[PDB]
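Undergrad: Sharing data_25.pdb, PDB, C-alpha atoms and all ligand atoms:
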```
ATOM      1  CA  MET A   1       0.000   0.000   0.000
ATOM      2  CA  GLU A   2       1.540   3.355  -1.205
ATOM      3  CA  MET A   3       2.784   4.804   2.162
ATOM      4  CA  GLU A   4       1.326   8.228   1.033
ATOM      5  CA  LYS A   5      -2.233   6.801   1.268
ATOM      6  CA  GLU A   6      -1.428   4.717   4.394
ATOM      7  CA  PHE A   7      -0.242   8.103   5.851
ATOM      8  CA  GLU A   8      -3.504  10.027   5.091
ATOM      9  CA  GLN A   9      -5.611   6.992   6.330
ATOM     10  CA  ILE A  10      -3.755   6.959   9.762
ATOM     11  CA  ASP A  11      -3.864  10.841  10.001
ATOM     12  CA  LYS A  12      -7.623  11.110   9.216
ATOM     13  CA  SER A  13      -8.292   8.209  11.691
ATOM     14  CA  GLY A  14      -5.779   9.675  14.243
ATOM     15  CA  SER A  15      -4.400   6.140  14.964
ATOM     16  CA  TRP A  16      -0.615   6.967  15.256
ATOM     17  CA  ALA A  17      -0.564   5.820  18.949
ATOM     18  CA  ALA A  18      -2.239   2.491  17.918
ATOM     19  CA  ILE A  19       0.211   1.748  14.985
ATOM     20  CA  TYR A  20       3.183   2.597  17.333
ATOM     21  CA  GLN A  21       2.025   0.202  20.126
ATOM     22  CA  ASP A  22       1.648  -2.610  17.456
ATOM     23  CA  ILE A  23       5.367  -2.092  16.544
ATOM     24  CA  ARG A  24       6.316  -2.101  20.281
ATOM     25  CA  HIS A  25       4.407  -5.428  20.722
ATOM     26  CA  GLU A  26       6.004  -7.273  17.687
ATOM     27  CA  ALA A  27       9.592  -5.977  18.316
ATOM     28  CA  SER A  28      12.429  -8.498  18.959
ATOM     29  CA  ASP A  29      13.623  -9.287  22.531
ATOM     30  CA  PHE A  30      17.216 -10.603  22.720
ATOM     31  CA  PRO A  31      19.506 -10.862  25.790
ATOM     32  CA  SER A  32      21.737  -7.893  26.918
ATOM     33  CA  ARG A  33      23.739  -9.770  29.636
ATOM     34  CA  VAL A  34      27.127  -7.973  29.102
ATOM     35  CA  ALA A  35      25.409  -4.477  29.425
ATOM     36  CA  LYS A  36      23.962  -5.518  32.841
ATOM     37  CA  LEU A  37      27.253  -6.773  34.469
ATOM     38  CA  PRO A  38      28.100  -4.743  37.628
ATOM     39  CA  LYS A  39      31.544  -3.683  36.193
ATOM     40  CA  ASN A  40      29.596  -1.827  33.349
ATOM     41  CA  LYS A  41      27.151   0.268  35.384
ATOM     42  CA  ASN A  42      29.042   3.581  34.827
ATOM     43  CA  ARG A  43      29.290   2.815  31.003
ATOM     44  CA  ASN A  44      25.457   3.118  30.539
ATOM     45  CA  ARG A  45      23.674   6.489  30.422
ATOM     46  CA  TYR A  46      20.164   4.929  30.872
ATOM     47  CA  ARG A  47      19.294   1.743  32.865
ATOM     48  CA  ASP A  48      16.530   0.773  30.297
ATOM     49  CA  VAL A  49      18.635   1.256  27.037
ATOM     50  CA  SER A  50      21.214  -1.505  26.367
ATOM     51  CA  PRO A  51      22.803  -3.119  23.311
ATOM     52  CA  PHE A  52      21.865  -6.785  22.564
ATOM     53  CA  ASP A  53      24.776  -9.238  23.079
ATOM     54  CA  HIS A  54      24.565 -10.595  19.467
ATOM     55  CA  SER A  55      25.001  -7.125  17.743
ATOM     56  CA  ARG A  56      27.077  -5.136  20.354
ATOM     57  CA  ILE A  57      30.348  -3.458  19.233
ATOM     58  CA  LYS A  58      33.379  -4.948  21.038
ATOM     59  CA  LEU A  59      36.353  -2.703  21.988
ATOM     60  CA  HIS A  60      39.730  -4.358  20.999
ATOM     61  CA  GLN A  61      41.094  -4.665  24.576
ATOM     62  CA  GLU A  62      41.401  -7.606  27.021
ATOM     63  CA  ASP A  63      40.527  -5.545  30.198
ATOM     64  CA  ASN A  64      36.862  -4.661  29.375
ATOM     65  CA  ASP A  65      35.528  -4.754  25.775
ATOM     66  CA  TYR A  66      32.126  -3.125  26.616
ATOM     67  CA  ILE A  67      30.582   0.065  25.031
ATOM     68  CA  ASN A  68      26.871   0.937  24.717
ATOM     69  CA  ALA A  69      26.807   0.659  20.848
ATOM     70  CA  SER A  70      25.112  -1.669  18.268
ATOM     71  CA  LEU A  71      25.873  -2.688  14.617
ATOM     72  CA  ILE A  72      22.692  -2.290  12.453
ATOM     73  CA  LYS A  73      23.424  -4.371   9.240
ATOM     74  CA  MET A  74      20.760  -3.806   6.464
ATOM     75  CA  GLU A  75      21.353  -6.728   4.031
ATOM     76  CA  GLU A  76      19.084  -5.729   1.065
ATOM     77  CA  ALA A  77      19.987  -1.998   1.244
ATOM     78  CA  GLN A  78      23.764  -2.815   1.554
ATOM     79  CA  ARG A  79      24.171  -0.198   4.381
ATOM     80  CA  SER A  80      25.553  -0.612   7.943
ATOM     81  CA  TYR A  81      25.287   1.877  10.870
ATOM     82  CA  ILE A  82      26.674   1.956  14.413
ATOM     83  CA  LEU A  83      24.045   3.463  16.780
ATOM     84  CA  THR A  84      25.424   4.582  20.203
ATOM     85  CA  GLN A  85      24.500   6.682  23.272
ATOM     86  CA  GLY A  86      25.931  10.205  23.771
ATOM     87  CA  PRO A  87      29.364   9.640  25.371
ATOM     88  CA  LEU A  88      29.677   9.944  29.210
ATOM     89  CA  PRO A  89      32.589  11.639  31.017
ATOM     90  CA  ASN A  90      34.186   8.222  31.625
ATOM     91  CA  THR A  91      33.469   6.783  28.057
ATOM     92  CA  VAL A  92      34.822   9.593  25.747
ATOM     93  CA  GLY A  93      38.097   7.585  25.316
ATOM     94  CA  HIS A  94      36.092   4.352  24.526
ATOM     95  CA  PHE A  95      33.994   6.335  21.954
ATOM     96  CA  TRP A  96      37.098   7.462  19.956
ATOM     97  CA  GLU A  97      38.682   3.939  20.324
ATOM     98  CA  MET A  98      35.527   2.509  18.590
ATOM     99  CA  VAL A  99      35.663   5.086  15.736
ATOM    100  CA  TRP A 100      39.388   4.148  15.222
ATOM    101  CA  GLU A 101      38.907   0.332  15.412
ATOM    102  CA  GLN A 102      35.756   0.233  13.154
ATOM    103  CA  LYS A 103      37.423   2.506  10.451
ATOM    104  CA  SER A 104      34.501   4.971  10.445
ATOM    105  CA  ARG A 105      34.799   8.165   8.290
ATOM    106  CA  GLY A 106      31.806  10.073   9.796
ATOM    107  CA  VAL A 107      30.154  10.789  13.207
ATOM    108  CA  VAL A 108      26.494  12.011  13.075
ATOM    109  CA  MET A 109      25.330  13.922  16.255
ATOM    110  CA  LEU A 110      21.545  14.730  16.481
ATOM    111  CA  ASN A 111      21.453  16.423  19.959
ATOM    112  CA  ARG A 112      22.888  19.538  21.716
ATOM    113  CA  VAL A 113      25.295  19.011  24.671
ATOM    114  CA  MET A 114      22.669  20.799  26.887
ATOM    115  CA  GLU A 115      18.874  20.379  26.280
ATOM    116  CA  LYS A 116      15.956  21.094  28.691
ATOM    117  CA  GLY A 117      18.580  22.576  31.138
ATOM    118  CA  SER A 118      20.397  19.180  31.639
ATOM    119  CA  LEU A 119      23.552  17.619  30.112
ATOM    120  CA  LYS A 120      22.608  15.107  27.333
ATOM    121  CA  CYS A 121      26.256  14.162  26.436
ATOM    122  CA  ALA A 122      29.889  15.044  27.265
ATOM    123  CA  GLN A 123      31.796  17.776  25.324
ATOM    124  CA  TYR A 124      33.741  14.976  23.486
ATOM    125  CA  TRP A 125      35.441  17.034  20.640
ATOM    126  CA  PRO A 126      37.727  20.168  20.778
ATOM    127  CA  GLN A 127      36.112  23.622  20.294
ATOM    128  CA  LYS A 128      39.391  25.432  19.309
ATOM    129  CA  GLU A 129      42.131  24.483  16.800
ATOM    130  CA  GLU A 130      44.989  25.294  19.252
ATOM    131  CA  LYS A 131      43.462  23.270  22.190
ATOM    132  CA  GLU A 132      43.580  19.565  21.172
ATOM    133  CA  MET A 133      42.275  16.679  23.384
ATOM    134  CA  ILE A 134      44.327  13.680  24.586
ATOM    135  CA  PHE A 135      42.490  10.467  25.788
ATOM    136  CA  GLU A 136      45.162   8.853  28.039
ATOM    137  CA  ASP A 137      43.125   5.645  28.757
ATOM    138  CA  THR A 138      42.968   4.729  24.939
ATOM    139  CA  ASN A 139      46.183   6.558  23.681
ATOM    140  CA  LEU A 140      44.415   8.844  21.105
ATOM    141  CA  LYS A 141      44.805  12.560  20.175
ATOM    142  CA  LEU A 142      41.960  14.565  18.585
ATOM    143  CA  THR A 143      42.448  18.019  16.872
ATOM    144  CA  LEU A 144      39.867  20.403  15.396
ATOM    145  CA  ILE A 145      40.986  21.149  11.741
ATOM    146  CA  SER A 146      38.059  23.356  10.525
ATOM    147  CA  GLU A 147      34.409  24.177  11.374
ATOM    148  CA  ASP A 148      31.575  25.177   8.918
ATOM    149  CA  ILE A 149      28.558  26.673  10.856
ATOM    150  CA  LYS A 150      25.204  26.759   8.937
ATOM    151  CA  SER A 151      21.662  27.732  10.055
ATOM    152  CA  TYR A 152      20.445  24.122  10.724
ATOM    153  CA  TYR A 153      23.769  22.211  11.239
ATOM    154  CA  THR A 154      27.589  22.451  11.660
ATOM    155  CA  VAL A 155      30.204  20.306   9.844
ATOM    156  CA  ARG A 156      33.643  19.841  11.409
ATOM    157  CA  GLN A 157      36.885  18.321  10.065
ATOM    158  CA  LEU A 158      38.728  16.438  12.895
ATOM    159  CA  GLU A 159      42.141  14.691  12.926
ATOM    160  CA  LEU A 160      42.339  11.455  14.997
ATOM    161  CA  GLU A 161      45.876  10.185  15.795
ATOM    162  CA  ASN A 162      46.647   6.722  17.186
ATOM    163  CA  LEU A 163      49.518   7.793  19.549
ATOM    164  CA  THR A 164      50.748   4.121  19.592
ATOM    165  CA  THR A 165      51.539   3.982  15.779
ATOM    166  CA  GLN A 166      51.433   7.731  14.826
ATOM    167  CA  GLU A 167      48.874   6.886  12.088
ATOM    168  CA  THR A 168      46.312   9.733  11.521
ATOM    169  CA  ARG A 169      42.881   9.820   9.821
ATOM    170  CA  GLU A 170      40.411  12.609   8.879
ATOM    171  CA  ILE A 171      36.977  12.175  10.615
ATOM    172  CA  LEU A 172      33.973  14.326   9.513
ATOM    173  CA  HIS A 173      31.584  15.450  12.365
ATOM    174  CA  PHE A 174      27.983  16.194  11.141
ATOM    175  CA  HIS A 175      26.094  18.055  13.935
ATOM    176  CA  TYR A 176      22.323  18.628  13.476
ATOM    177  CA  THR A 177      21.818  21.566  15.927
ATOM    178  CA  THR A 178      18.082  22.531  15.531
ATOM    179  CA  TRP A 179      16.018  19.465  16.648
ATOM    180  CA  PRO A 180      13.532  21.098  19.118
ATOM    181  CA  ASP A 181      13.740  20.328  22.911
ATOM    182  CA  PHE A 182      10.096  18.909  22.725
ATOM    183  CA  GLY A 183       8.374  16.989  19.863
ATOM    184  CA  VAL A 184       9.708  16.775  16.234
ATOM    185  CA  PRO A 185      10.399  19.345  13.466
ATOM    186  CA  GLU A 186       7.253  20.772  11.744
ATOM    187  CA  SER A 187       8.840  20.193   8.244
ATOM    188  CA  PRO A 188      11.370  17.455   7.328
ATOM    189  CA  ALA A 189      13.066  19.733   4.735
ATOM    190  CA  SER A 190      16.058  20.652   6.972
ATOM    191  CA  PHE A 191      16.497  17.005   8.230
ATOM    192  CA  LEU A 192      16.407  15.716   4.562
ATOM    193  CA  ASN A 193      18.847  18.540   3.529
ATOM    194  CA  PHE A 194      21.239  17.374   6.374
ATOM    195  CA  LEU A 195      20.965  13.650   5.334
ATOM    196  CA  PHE A 196      21.886  14.575   1.680
ATOM    197  CA  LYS A 197      25.183  16.212   2.917
ATOM    198  CA  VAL A 198      26.133  13.072   4.964
ATOM    199  CA  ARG A 199      25.817  10.784   1.847
ATOM    200  CA  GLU A 200      27.606  13.411  -0.351
ATOM    201  CA  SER A 201      30.583  13.322   2.090
ATOM    202  CA  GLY A 202      31.273   9.569   1.447
ATOM    203  CA  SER A 203      30.617   8.806   5.189
ATOM    204  CA  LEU A 204      27.811   6.218   4.387
ATOM    205  CA  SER A 205      29.659   4.470   1.528
ATOM    206  CA  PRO A 206      31.015   0.882   1.575
ATOM    207  CA  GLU A 207      34.676   1.907   1.129
ATOM    208  CA  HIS A 208      34.626   3.088   4.837
ATOM    209  CA  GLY A 209      33.652   1.462   8.160
ATOM    210  CA  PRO A 210      30.031   2.099   9.318
ATOM    211  CA  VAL A 211      28.971   5.694  10.190
ATOM    212  CA  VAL A 212      28.661   6.302  13.999
ATOM    213  CA  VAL A 213      25.234   7.838  14.813
ATOM    214  CA  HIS A 214      24.169   9.159  18.280
ATOM    215  CA  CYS A 215      21.672  11.327  20.178
ATOM    216  CA  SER A 216      21.330  11.095  23.994
ATOM    217  CA  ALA A 217      20.125   7.413  24.268
ATOM    218  CA  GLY A 218      20.949   6.480  20.628
ATOM    219  CA  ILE A 219      17.441   5.090  19.744
ATOM    220  CA  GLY A 220      15.016   7.982  19.048
ATOM    221  CA  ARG A 221      16.419  10.720  16.710
ATOM    222  CA  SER A 222      19.197   8.178  15.794
ATOM    223  CA  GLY A 223      16.462   5.648  14.786
ATOM    224  CA  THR A 224      14.763   8.294  12.583
ATOM    225  CA  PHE A 225      18.047   9.060  10.692
ATOM    226  CA  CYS A 226      18.866   5.391   9.747
ATOM    227  CA  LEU A 227      15.185   4.438   9.014
ATOM    228  CA  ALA A 228      14.784   7.368   6.577
ATOM    229  CA  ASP A 229      18.184   6.690   4.837
ATOM    230  CA  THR A 230      17.507   2.898   4.403
ATOM    231  CA  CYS A 231      13.851   3.365   3.127
ATOM    232  CA  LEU A 232      14.995   5.955   0.465
ATOM    233  CA  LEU A 233      17.898   3.648  -0.668
ATOM    234  CA  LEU A 234      15.403   0.676  -1.077
ATOM    235  CA  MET A 235      13.012   2.916  -3.136
ATOM    236  CA  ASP A 236      16.037   3.644  -5.489
ATOM    237  CA  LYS A 237      16.829  -0.127  -5.945
ATOM    238  CA  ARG A 238      13.317  -1.776  -6.349
ATOM    239  CA  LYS A 239      11.348  -1.979  -9.668
ATOM    240  CA  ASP A 240       8.213  -1.090  -7.570
ATOM    241  CA  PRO A 241       9.076   1.839  -5.220
ATOM    242  CA  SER A 242       5.546   1.179  -3.725
ATOM    243  CA  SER A 243       6.659  -2.164  -2.127
ATOM    244  CA  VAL A 244       8.800  -0.344   0.564
ATOM    245  CA  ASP A 245       7.009  -0.977   3.915
ATOM    246  CA  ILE A 246       8.426   1.468   6.546
ATOM    247  CA  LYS A 247       6.937  -0.564   9.478
ATOM    248  CA  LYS A 248       8.674  -3.752   8.213
ATOM    249  CA  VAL A 249      12.043  -1.941   7.753
ATOM    250  CA  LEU A 250      11.737  -0.588  11.375
ATOM    251  CA  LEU A 251      11.042  -4.098  12.779
ATOM    252  CA  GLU A 252      14.106  -5.423  10.844
ATOM    253  CA  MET A 253      16.282  -2.621  12.387
ATOM    254  CA  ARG A 254      14.861  -3.446  15.897
ATOM    255  CA  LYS A 255      16.405  -6.952  15.562
ATOM    256  CA  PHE A 256      19.809  -5.128  16.105
ATOM    257  CA  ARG A 257      19.028  -2.410  18.751
ATOM    258  CA  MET A 258      16.038  -2.063  21.103
ATOM    259  CA  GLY A 259      13.579   0.848  21.129
ATOM    260  CA  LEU A 260      14.379   2.553  17.740
ATOM    261  CA  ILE A 261      11.778   5.368  17.281
ATOM    262  CA  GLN A 262      10.715   6.395  20.862
ATOM    263  CA  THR A 263       7.277   8.071  20.211
ATOM    264  CA  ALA A 264       4.247   8.025  17.834
ATOM    265  CA  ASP A 265       5.299  11.594  16.723
ATOM    266  CA  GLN A 266       8.815  10.302  15.686
ATOM    267  CA  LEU A 267       7.040   7.469  13.707
ATOM    268  CA  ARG A 268       4.816  10.057  11.873
ATOM    269  CA  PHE A 269       7.878  12.317  11.198
ATOM    270  CA  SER A 270       9.809   9.284   9.688
ATOM    271  CA  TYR A 271       6.841   8.689   7.262
ATOM    272  CA  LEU A 272       6.814  12.434   6.317
ATOM    273  CA  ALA A 273      10.616  12.485   5.671
ATOM    274  CA  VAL A 274      10.507   9.361   3.418
ATOM    275  CA  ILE A 275       7.262  10.486   1.622
ATOM    276  CA  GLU A 276       8.632  14.015   0.806
ATOM    277  CA  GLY A 277      12.003  12.439  -0.231
ATOM    278  CA  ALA A 278      10.230  10.010  -2.672
ATOM    279  CA  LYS A 279       8.974  12.790  -5.040
ATOM    280  CA  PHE A 280      12.598  14.063  -5.464
ATOM    281  CA  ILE A 281      14.143  10.505  -5.318
ATOM    282  CA  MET A 282      11.693   9.811  -8.246
ATOM    283  CA  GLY A 283      13.934  11.874 -10.611
TER     284      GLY A 283
HETATM  285  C1  LIG B   1      14.246  19.037   0.861
HETATM  286  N1  LIG B   1      15.418  18.254   0.332
HETATM  287  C2  LIG B   1      15.248  16.948  -0.187
HETATM  288  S1  LIG B   1      13.739  16.262  -0.193
HETATM  289  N2  LIG B   1      16.428  16.244  -0.680
HETATM  290  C3  LIG B   1      16.355  14.783  -1.276
HETATM  291  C4  LIG B   1      17.149  13.645  -0.512
HETATM  292  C5  LIG B   1      17.263  12.333  -1.018
HETATM  293  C6  LIG B   1      17.981  11.337  -0.289
HETATM  294  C7  LIG B   1      18.603  11.642   0.943
HETATM  295  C8  LIG B   1      18.493  12.975   1.447
HETATM  296  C9  LIG B   1      17.782  13.942   0.734
HETATM  297  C10 LIG B   1      17.815  16.900  -0.702
HETATM  298  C11 LIG B   1      18.072  17.929  -1.863
HETATM  299  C12 LIG B   1      19.270  18.700  -1.918
HETATM  300  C13 LIG B   1      19.462  19.628  -2.999
HETATM  301  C14 LIG B   1      18.457  19.770  -3.997
HETATM  302  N3  LIG B   1      17.310  19.016  -3.916
HETATM  303  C15 LIG B   1      17.111  18.121  -2.891
END
```
Step by step, read the file and then write its structure as structure tokens.
TA:
Amino acid sequence: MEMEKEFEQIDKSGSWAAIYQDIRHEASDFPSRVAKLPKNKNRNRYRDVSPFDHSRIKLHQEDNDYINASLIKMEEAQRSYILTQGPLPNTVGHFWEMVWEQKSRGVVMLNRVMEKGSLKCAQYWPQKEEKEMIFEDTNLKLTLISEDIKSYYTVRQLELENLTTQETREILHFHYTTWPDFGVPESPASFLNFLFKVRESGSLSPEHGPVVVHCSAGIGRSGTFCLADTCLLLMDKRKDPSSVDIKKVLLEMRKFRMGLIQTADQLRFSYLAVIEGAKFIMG
């Protein structure tokens, strides 16, 4: 059923809360035993948001390999994503270790450091060129190279150095700065515009490791970003762009990380973003 018409049918019937609970009911439940070990309590931002054991990213160290991060592998679309929480004061070194070890080119940040008067993630990148950051626990150095500030987002060029080998790599930081403190954006135009720039950078392409995507918990805004990208890529590949079922793509993604799309409003916004993107994606 053309998602356009499915959209108008749910809107006129005001059944968004009913559709959303149906997804919550059918979603996968897999064990998260490593996340719940007592040694890992200060590595989790939220007690109720954990990576599944089968899809968790492992740090390459013998001491403690745990980080709150999941590999979302979309087989038909040929795209992979790492979805993670906003880094904590004691996991900023782990965060940059993961980017290094997974060979990522891009980091996508969908939150502000402060929202609703509370801290939603650590200040984990340098704000000035001449004041670099050293992560002593993982042996990494991070330098700000350049910053491009736009009305709806900021792009930064970062240099990550493995202090053990003196290898360096260029990481691109894509920071969506205008998601409102409550609800979702009224129009998906600026979110779609931001997505286009991520792809254009090469950050989502198979020559690199998977893109790292985060918000505060790494399931809500983060879920919306990967769901929209994957649905638009499938509409480009299929002979019948009308066979793309957004609810079925979301349940596939929820096999790899719990709780993706946190509200009925985020579900409606994901439909709007894909729907608007179709007309353009259609040539
Ligand atoms: C309102 N912007 C839309 S719907 N875009 C389409 C799109 C397709 C796939 C992924 C992201 C975005 C972007 C764009 C940029 C420059 C000129 N036209 C369109």
Undergrad: Sorted by chain and rising residue number, which residues of chain A lie within 8 Å of ligand LIG 1 (chain B), and what are their closest atom pairs and distances in Å to one decimal, counting all atoms listed in the file, as a Markdown table?
TA:
```
| residue | atom | partner | partner_atom | distance |
| --- | --- | --- | --- | --- |
| A:188 | CA | B:LIG1 | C1 | 7.3 |
| A:189 | CA | B:LIG1 | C1 | 4.1 |
| A:190 | CA | B:LIG1 | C1 | 6.6 |
| A:191 | CA | B:LIG1 | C1 | 8.0 |
| A:192 | CA | B:LIG1 | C9 | 4.4 |
| A:193 | CA | B:LIG1 | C10 | 4.7 |
| A:194 | CA | B:LIG1 | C8 | 7.2 |
| A:195 | CA | B:LIG1 | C8 | 4.7 |
| A:196 | CA | B:LIG1 | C8 | 3.8 |
| A:197 | CA | B:LIG1 | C8 | 7.6 |
| A:199 | CA | B:LIG1 | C7 | 7.3 |
| A:229 | CA | B:LIG1 | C7 | 6.3 |
| A:232 | CA | B:LIG1 | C6 | 6.2 |
| A:233 | CA | B:LIG1 | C6 | 7.7 |
| A:273 | CA | B:LIG1 | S1 | 7.6 |
| A:276 | CA | B:LIG1 | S1 | 5.7 |
| A:277 | CA | B:LIG1 | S1 | 4.2 |
| A:278 | CA | B:LIG1 | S1 | 7.6 |
| A:279 | CA | B:LIG1 | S1 | 7.6 |
| A:280 | CA | B:LIG1 | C3 | 5.7 |
| A:281 | CA | B:LIG1 | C5 | 5.6 |
```
Undergrad: Once the PyMOL selection byres (((chain A and resi 48) around 10) and not hetatm) has been applied to the shown file, what residues remain in the selection, as an NGL selection string?
TA: :A and (44-47 or 49-50 or 217 or 258-259)
Undergrad: I need the residue nearest residue 242 (chain A) from this list: A:1, A:267, A:140, A:212. Use all atoms listed in the file for the distance.
TA: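 Of A:1, A:267, A:140, A:212, the one nearest residue 242 (chain A) is A:1, counting all atoms listed in the file.
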Undergrad: Ranking A:161, A:93, A:130, A:182 by minimum distance to residue 116 (chain A) and counting only C-alpha atoms, which one comes first?
TA: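 Once distances to residue 116 (chain A) are computed over only C-alpha atoms, the minimum belongs to A:182.
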Undergrad: Mind telling me what the PyMOL selection byres (((chain A and resi 219) around 12) and not hetatm) catches here, as a PyMOL selection string?
TA: chain A and resi 46+48-51+68-70+72+82-86+110+213-218+220-227+250+253-254+256-263+266
Undergrad: Check which residues satisfy the PyMOL selection byres (((chain A and resi 102-109) around 7) and not hetatm) in the file shown, then give them as a PyMOL selection string.
TA: chain A and resi 98-101+110-111+171-176+203+208-215
Undergrad: Which residue is closest to residue 16 (chain A)? Choose from A:264, A:231, A:282, A:3 and count only C-alpha atoms.
TA: A:264
Undergrad: Can you work out which one of A:64, A:238, A:13, A:120 has the shortest atom-to-atom distance to residue 40 (chain A), counting only C-alpha atoms?
TA: A:64
Undergrad: What box, with edges along x, y and z, holds each listed atom of region 159-167 of chain A when 4 Å is added on every side, and can you state its centre and edge lengths in Å to one decimal, as AutoDock Vina command-line options?
TA:
```
--center_x 46.8 --center_y 9.3 --center_z 15.8 --size_x 17.4 --size_y 18.7 --size_z 15.5
```
Undergrad: Counting only C-alpha atoms, which residue out of A:157, A:283, A:14, A:56 sits closest to residue 33 (chain A)?
TA: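 Answer, going by the shortest atom-to-atom distance: A:56.
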Undergrad: From the set A:167, A:18, A:121, A:35, which residue has the shortest atom-to-atom contact distance to residue 88 (chain A), counting only C-alpha atoms?
TA: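 That would be A:121, the residue with the smallest distance to residue 88 (chain A).
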Undergrad: For the atom pair CA of residue 162 (chain A) and CA of residue 207 (chain A), what is the interatomic distance in Å to one decimal place?
TA: 20.6 Å
Undergrad: What would the list of residues within 8 Å of (9.5, -3.2, 13.8) (file frame) look like as a VMD selection string, if all atoms listed in the file are what count?
TA: chain A and resid 23 to 24 26 to 28 247 to 254
Undergrad: If I take CA of residue 119 (chain A) and CA of residue 270 (chain A), how far is one from the other in Å, to one decimal?
TA: 26.0 Å
